[PDB]
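One chain comes next, on its own, written out as structure tokens in the form solved without ligand GID.
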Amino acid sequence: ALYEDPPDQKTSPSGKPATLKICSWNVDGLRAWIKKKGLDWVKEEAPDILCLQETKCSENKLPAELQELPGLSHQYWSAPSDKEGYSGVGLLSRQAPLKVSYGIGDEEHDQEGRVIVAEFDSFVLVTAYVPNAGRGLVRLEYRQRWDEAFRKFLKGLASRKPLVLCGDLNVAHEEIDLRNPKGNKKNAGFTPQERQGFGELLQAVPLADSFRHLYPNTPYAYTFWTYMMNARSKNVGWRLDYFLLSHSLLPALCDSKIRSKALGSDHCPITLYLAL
């Protein structure tokens, strides 16, 4: 079935207006996404922080259009060291964060340009591009090593300040989070080991799944559709991109959106509203 995201809810459950709009988006090749007019959409959506994943672009090749974003003038990039046109993430913010770091404090996992951390007054924001488990699960062993290291690291962070984690976490948590759960139980993104890892990340830090806190019963809500087999037009997709929130930010949560119509990638954008 198809799915219509409901209108933006911009008031907290205590009547306070939203003061921060975070937009996350796996662009799957920054340079191609630019040509497919993805920055035009970002300009209209006008967020305070933009998080992009799977950038496939070294910083010395960063397109010139990124210099035409006045409301997003503070930009931070993490490329891999060895591989080219592979992974890479970006974090752009209207105001300058207090401190910016890269990776998760573990040498084995900081080589691929997947994590950026920005600290603000009231919270720390982590944007993430979690390693896919791979065709034939030939990275699933590494991904469990990732999940373990990443979970610990985030718990350390969330114990200091309220944490927002956004990005492509490369797993559909429950059956409701993808269109064909029955047939994907041994494919990357829906194995038992990645599903449990996600549940463990939720229960251990702890963190809530913003979208599921607000619409626990809503199915057919996805952020990725394969380019093949005309999946996007049949809404045969996966929910892979998340805003994960500290429980102490839930009183501040106004809405968590899935921007289904915005093209440019095999992922769509998600955006978070918070009253801070």
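In this text, residue numbers run from 1 along the sequence as written.
FYI, the form deposited with ligand GID bound isn't displayed, but the following is about it.
- Message: Taking ligand GID in the entry with it bound and overlaying it onto this form via the surrounding C-alphas, would you call the pocket open or blocked, using 3+ ligand atoms within 2.4 Å of backbone or C-beta atoms as the cut?
- Response: The site is open here, because ligand GID, transferred from its pose in the entry with it bound, meets no backbone or C-beta atom within 2.4 Å.
- Heavy atom of residue 121 within 4.5 Å of ligand GID in the entry with it bound: So residue 121 counts as contacting ligand GID.
- Does any heavy atom of residue 94 come within 4.5 Å of a heavy atom of ligand GID in the entry with it bound? Because a heavy atom of residue 94 falls inside 4.5 Å of ligand GID in the entry with it bound, the answer is yes.
- Query: Heavy atom to heavy atom, is residue 49 within 4.5 Å of ligand GID in the entry with it bound?
  - Reply: Output for residue 49 is yes: heavy atoms within 4.5 Å of ligand GID.
- So, in the entry with it bound, is residue 19 in contact with ligand GID at a 4.5 angstroms heavy atom limit? Judged by the heavy-atom cut-off of 4.5 Å, residue 19 is in contact with ligand GID in the entry with it bound.
- Message: Just to confirm the contact call: exactly one of 137-145, 196-204, 176-184, 121-129 touches ligand GID in the entry with it bound at a 4.5 Å heavy atom cutoff, so which is it?
- Response: One stretch meets the cut-off, namely 121-129.
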